[PDB]
């Protein structure tokens, strides 16, 4: 009906609202990445991690809602040429933003591995270069019982960056599975 159409527009307006909301979150995540890669004091370093941890969870929530809200608009358009394209246009915009996020965490990951290799050649003066490459790469690594040195507090910052690398790759694994979820044309 006619009233059954303005509800579909409310769905499209709600999706576009959470799409620009999701784009500003991704761009905010990238800003934290650029700042965390420079020499910043421990004072506001964890204040940037706190904002980053809050942004990453906000992204996870908006991804799940957009995944459901768009797929909800797709099945409404199963029997209308225009309602299908509008929901399809929201799906293509969603996938574009997932691709931006995936690339953003990709650049920050390689620039965090290189930033961790510079933090690892000091605690392990040997190994370089063949063995420092496989130390940062592949969980778990050499963090186990490298505790011969009980300056003493900075010995755990390499583990903070190494776990962040794991948290980044898991996120990209989530973004990859979300990217393939939206590529499925769900029917009902």
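Numbering follows the first chain given and starts at 1.
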### Message
If you average the CA temperature factors as listed in the entry, which stretch comes out higher, 136-144 or 64-72?
### Response
136-144
#### Entry: Residue stretch of maximal mean CA temperature factor, 113-121 vs 90-98
113-121
### Message
Lowest, middle or highest third: which one holds residue 181 when the chain's residues are ordered by CA B-factor from the entry?
### Response
lowest
## Note on the structure
Entry-reported C-alpha B-factor of residue 160 relative to its chain, by third, is middle
### Message
Using the temperature factors of the C-alpha atoms in this entry, rank residue 51 within its chain: lowest, middle or highest third.
### Response
middle
### Task
Sort the modelled residues of this chain by their C-alpha B factor and say whether residue 35 lands in the lowest, middle or highest third.
middle
